[PDB]
Every structure is written in C-alpha cells, then in structure tokens.
C-alpha cells in the first residue's frame, strides 16, 4: 500500500528543495563532493527504474559542471578524476548508470577514462594487488575504493567495446579481493588492509564493518555474473547479503532494520550518513539478478521483503515533510540517519541515503 515511486520523488524533491545549489550545479558544497556523486546516482536510478525523466535536465547540468577540472585536483584534468580513487569511482559508476538511462556514449566514455585513471594506482608490489585510495599518499588500500573499481571494470565488461580486457581486469580484481582477507569469517567486509611492519604482507585491519562495503561488492558481483553467466558470482553475493540480513551480525536490528554501527552512539559523520542507501540500492540489484537467474517465483524474495520492511520503518519513524511558505511552495520529504530512530535533522548525505532505499523498492 506504499508507493515507492511517489516517495522517492518526494524524497528527491526534498533533497533539491533544501540542498540543491542551482548556481553551483551541486548539492551541498559544505558536504563531501563524492556524496553529490552518490546523490546523482540515486536520481539517475530513480529515473531508470520509474521510467520518468523529470530530473534529466538537472542531472545533465550537474554532470556538465562537475566534469570540469576540480579546483582541488587540477592534475586530474576533470572528467571526475579526483585526488582519491574512491571519489572518482562514485562518479564513474554514476556515469555507467547515466549511460544505462540515456544510451549516450559520452557518459560511457567518462567511465572508461575513469577506469584508466583509477588503475594508475593499482599496484601488485604491495598486498599482491589492489589499488590505493589516497592518491597523494599511497598509504591505504581499503575496501570501498577496490569495490568501486571492481564494479566499474565489471560494468565496462558488459558495455565497453574492448570488453575482454575489462572482464579480465574484473576477474583479476575479484580474485585479489577474495584473497585479500578483507572478507572476514562471517562473510562481511572490514574497512581495509593493514601492512606488516617487517614482512610487508597485508591483512584485514579489523576496522568497522560499514554497510556500503557490503553493498558495492554486490553490484560488482552482479555485473560479473551478467558478464560470465556464472551463478557462482550470485552465490558469493548472496552469502554477503545474507550476512547483513542476519541479526546475529549486528547490521540488522531485531526489528529487521538496517542499522549503521555508528547509529548506536550517534556518531555517524558526513560520510557514514550516506552508507545505508548505497547498500540498499545494490541489494535491489542483487535481488533482480537472483530472481532472473532462476524460475522460482520466490527467488530473491528475502531481499525484496528486507527492502520493503526497511522502507516502512523509514516511512513511519524517520520522515519529516517540508512545510511550504508564502515564498517557497516546495513540497517533499526529509529524512534523518536512523531508519528506525527518530527524525531530528536532515542533511544531504542522510537524504541521499533515504532516496536510495525508496529507489531500491521501485
């Protein structure tokens, strides 16, 4: 009885009414730039899944301005090539989705330039593989930058003309990730890798399990399945998603609600506020891939029910409607960080995460 399409549109309208900067073609310049990339993904994915085009003009504006050489990383020469590889990876994946929505080769070309830029910081000398996140420093190979890269090459393996070298890169990247140790004993992914002071060998740094690091990897494996038709990639994704859904692992509350590890102590920073929606969108991708790979009508039904359950809780306990004024008649919905906890304030990363959950149920 809940209309996820209308709620996503209200959530996007709330996102624009409070956080979109027309003069900058960006959401919230006081927030991390990469989260504007995530927001762009959610808006593109809303249009892709709902069949609507109401934000297409706005998305094109954002792309055209955020394409330009970044003032804080001119040496990237624009096209979203930034001072960290994960920043680049978020926009690169948004361009994959833009290409999926529009069929405009221009966006596919951006993702291709991004893949080649990110790969510059893949090294086999440390950790036997993987890329660094901090381009200027080269001190950290983490989960998210390698999950983004892996989903990027796996996506390009299904879309780019030289799809073979991208499929080989994806298969090689997944083999490295699987062997990295970052996937722990309960099939959840810790934050990144530490390096042995004496031996130089790398190991799971046991930093927190963040929801978005259980998400991007699902989309990556889904694209690897589409590229190979090997259901082993789906089964591996399902083991990771199942671990998230199991309340015994602390990511899913006793009410069945996705919960970031920082929500308990009310310490979720500007980055962590956006994590849950990224997982939700990728989980919906996994659900679609699972239901299409088997003739069982109940295939992937647990993931849909999970997303549905999480939507209603967010719908009921985390929502606050904007009240219009005599000057601003904007209507929409605002959302806080906890999908079960109360609504206290809204921020752009919280709102972006909100849209992702609604879009995940379209």
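Rigid core here is just the name for the largest C-alpha set that superposes within 1.5 Å across the two forms. Positions refer to the first chain, counted from 1.
Between 33 to 41 and 322 to 330, greater CA displacement relative to the shown form is found for 322 to 330 when the structures in 6 other deposited structures of this protein are fitted on the core. Note on 43 to 51 vs 328 to 336: mean CA B-factor is higher in 328 to 336.
Of the two stretches examined, 221 to 229 and 82 to 90, the record assigns the greater average C-alpha temperature factor to 221 to 229. Of the candidates 106, 134, 266, 271, it is 266 whose Cα B-factor is highest according to the PDB record. The residue among 66, 320, 36, 58 whose C-alpha atom has the highest B-factor in the PDB entry is 320.
Remark: residue 161 belongs to the highest third of its chain, ranked by C-alpha B-factor as recorded. Among all modelled residues in its chain, residue 208 ranks in the lowest third by Cα B-factor.
Ranked against the other modelled residues of its chain, the C-alpha B-factor of residue 254 as given in the entry falls in the highest third.
For residue 168, the recorded CA temperature factor ranks within the highest third of the chain's modelled residues. Compared with the other modelled residues of the chain, the Cα B-factor recorded for residue 192 ranks in the lowest third.
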